[PDB]
A.B. asks: 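Below is a structure I'd like to ask you about.
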Amino acid sequence: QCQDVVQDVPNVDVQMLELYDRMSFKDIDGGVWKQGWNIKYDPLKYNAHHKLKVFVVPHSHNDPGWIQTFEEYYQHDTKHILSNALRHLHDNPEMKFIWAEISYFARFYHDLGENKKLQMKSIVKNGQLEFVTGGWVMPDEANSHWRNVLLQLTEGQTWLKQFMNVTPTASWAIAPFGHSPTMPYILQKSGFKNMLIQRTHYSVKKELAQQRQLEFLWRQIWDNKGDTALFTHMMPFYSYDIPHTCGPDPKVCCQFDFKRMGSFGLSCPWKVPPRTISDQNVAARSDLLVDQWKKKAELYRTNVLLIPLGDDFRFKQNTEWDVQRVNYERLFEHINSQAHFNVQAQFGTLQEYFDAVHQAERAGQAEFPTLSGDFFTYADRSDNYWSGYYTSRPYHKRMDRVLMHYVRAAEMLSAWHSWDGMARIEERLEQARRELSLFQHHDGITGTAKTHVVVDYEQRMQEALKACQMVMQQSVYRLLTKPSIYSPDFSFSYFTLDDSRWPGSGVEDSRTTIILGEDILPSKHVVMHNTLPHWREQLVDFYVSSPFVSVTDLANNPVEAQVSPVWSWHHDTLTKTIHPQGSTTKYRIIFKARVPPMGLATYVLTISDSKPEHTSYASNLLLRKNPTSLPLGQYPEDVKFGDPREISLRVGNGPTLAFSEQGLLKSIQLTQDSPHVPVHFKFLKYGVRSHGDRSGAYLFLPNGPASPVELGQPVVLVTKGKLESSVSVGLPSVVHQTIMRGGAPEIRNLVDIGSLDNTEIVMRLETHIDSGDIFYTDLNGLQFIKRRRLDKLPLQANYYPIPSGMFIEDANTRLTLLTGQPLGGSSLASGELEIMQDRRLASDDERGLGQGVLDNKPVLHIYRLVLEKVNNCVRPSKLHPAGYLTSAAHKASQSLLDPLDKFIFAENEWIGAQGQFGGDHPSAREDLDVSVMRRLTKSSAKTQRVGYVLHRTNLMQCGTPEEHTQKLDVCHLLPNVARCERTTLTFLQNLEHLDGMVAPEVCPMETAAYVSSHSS
Ligand SMILES: [Zn+2]
């Protein structure tokens, strides 16, 4: 019986939106705890019968790229940290250490000799070395898509299970810049029992600490019953470094970072150095330290205290291991033997801490509050809100989403078969998963790494895209060739991928033209793949070398097509205008492909000597003063010219869109009769402050509200076709395109911020929707959370991640903007939405990156814009912290994130070609997705296993009967099923053996994983 995620407002002790509405956020000087208060404790709280149990947990934060690349850090730091951890833990049985980043650990362990592997396995098995989280990385939580958070978690944990025989159940996330409830969502469905977070707004830490609500059961915002809850520990202070982890006074705690005495090149900024512990000072030093611990303990409810002991790339040299270990051992020996402290302190691991906390809870010592909400937008001090990284390096943010889809499609397409090892399918998929997983790091997708590190991530992702293409095209060839003809060369490219939106028109000329001609090749097969588990139609386009091309399906049924020119925009450095040029030798052909669920469909493009019966030609109108001619080769319609003017377009029976004379949307009319609803796109710019703190890769510190971009008299290109029309305009730094295909328009911005230093370009929508101070943004592509604009916070605090969409609404009307890339955005006034396109910042923002953001490159951002009437929708009540998409907005998001894949057959003739794959696949209800399909076994396994992650979203009920679909049972998608299990989302633990080998569908907002096993 599925929980209702709409109509029941959960009762939680802390609801972060409500807390935000009540909190004052005053930034007062709290004393040595600058953002807190002077903590007081009663010395008599702890006594012989009630001691404070202190776990000092050594750690080393290892960034998989940040100011050096992964490999540079591995060579210069991490391999030494791990080698010396292995030696020192081996030699010191009571010493402990936690490790989070499995990308580094796997890199290290595979290079170890067998003797050392065995030693390493032993210190893990005996609990000295403990993995925390066990993902490939410690991912960003703002920009990352939940699918990639799960991918990287699975990549690390699958490695750990295979090589270390452990599966962490405690998560450690000390570094991401703000925290998302998507993490406890995924972790709780992946076996976890506990998680730790750190980077939350200093005001939130103060507020929760005052109420001893820093440990809480974190449930999802829609979860009325609480089954999603995951115990969460929030660290209370400003950093995870040693000065901010022993207690509230960093001037004292820094004295207990024994790497800071000088020979290591480190010191304490509070000007009191550590001193080596001796018999003559250990009582005074213990008094100071235990006092810090007892103050920290006042912020929490049990008598078990967590004291992290670590910092970035710590525990590298042997002398550092010694200096920390020996000094802490001297303190523990003293403290634990002095009854008056009533403390027992020891090195521990994270799991040991949580185990002891829950023993205290079970003993009735504490009850923990429940919490829902998120922890964005983080500020670590004053007005320094970390909303810049929601946009920084947007090229790679978009690339993340492209690769996300490519990985899913490559894993799904190749899962249908078992492949010989010679095919290198598993090799290529592992590479692709690992490079995408690496980029989920909190300096990867966030855009907060040095320029050469961003290049390394991009190069890795490019190799991952090539790997996905290889696997996908080999799979299509196999799936659509008569078996007794199939004759693969696993190194050959049978197909090339054609992607219209990455890197994108104006970004890279990467797309192959299908070259047809009477004297070379009459026709070409193309194949579309649909990774979604429902039948799908989508227009697809290809470049062709003639306008006289017609399309057939493989029953030779004509398919209606539209040919349009190939337009490319040029920054004309002679005329100082931005204007489009059309090709005279290549053309776009567009047609509707209809593709089975999780399936493939083949079409044929054929040249003819003149206009074919079922192909139409778009008209083109270039609006500008001072036009010049625009020849288009054989294209049969001459370009028309006019002065700038307002224009209106309608494709099919879809909305009618009206545009200003600058080529920007001004209104949407949903139907013939209905009103022209004002919806106005505008581009604006934010600058940087000339006094005080400067924006950089992390921080957004605008110098006031944005100023409109001066547009001049831009050139507007209108293409009008039966299947697709568009309005494109060359604005300064953005070629802005509105594309209409009969439903909600697609927006594409080719953003080139050029050399505009200290500028952030924002795209705003202005409407007269009476949204007030409310808007909705998504978290990791998984859920939409209610936001409230707070004028008591500065502008940048009202920016939130827009990882896949945002909307505003009133009682009657909603405007949703779906994105194909994570970007930052807000609603800074009633009726507005805005989303940042790019930012170019000359200054460093003091968070360690040591550079601004001056490596911009053109990026094609894509969106869908859905205006809808919502007065008939069953929406959550006014107090509910969630919102939900409509069917149309969800499909529009899927059209961006998981479009059809397009394959062009590379050779002249495809012998044995088949017309379709997957026609018998069930077409599941529109809210269900097969987020992952992954064969889990190599071909030598007698029992093959295939893993599926199913995700059901929740779409609002708005009165559309919309029904009859088939049940999707993933366990029967492959034949000869012998067992069906429900598993954790990482596939690593079987949770239920399923009757009848039937994988039941999941409830709204739930995600489940199943593994089918097959005997043949
Ligand atoms: Zn980090």
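Both counts, for ligands and for their atoms, begin at 1 and track the order of listing. When reading the values below, keep in mind they use all heavy atoms of this one structure, side chains included, and skip hydrogens, waters and symmetry mates. For the single chain, residues carry numbers from 1 onward in sequence order.
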A.B. asks: Tell me which N, O or S atom from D63 is the closest to the Zn ion (ligand 1).
C.D. replies: OD1
A.B. asks: Quick one: does NZ or CZ of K189 land under 6.0 Å from the six-membered ring centre of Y185, within 45 degrees of the ring axis?
C.D. replies: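 Judged by the rule, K189 and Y185 form a cation-pi pair.
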A.B. asks: What do you reckon, are the aromatic ring centroids of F131 and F105 less than 6.0 Å apart?
C.D. replies: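 Yes, ring centres under 6.0 Å apart.
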A.B. asks: At a threshold of 2.8 Å, where the distance has to be below it, does the Zn ion (ligand 1) have an N, O or S atom of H441 nearby?
C.D. replies: no
A.B. asks: Is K450 salt-bridged to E72, going by a charged N under 4.0 Å from an acidic O?
C.D. replies: no
A.B. asks: Quick one: angle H61 NE2 - the Zn ion (ligand 1) - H442 NE2, to the nearest 10°?
C.D. replies: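 Centred on the Zn ion (ligand 1), the NE2/NE2 angle is 100° (to 10°).
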A.B. asks: Flag the pair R847 and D380 as a salt bridge only when some basic side-chain nitrogen lies within less than 4.0 angstrom of an acidic carboxylate oxygen.
C.D. replies: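 Salt bridge flag = yes for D380 with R847.
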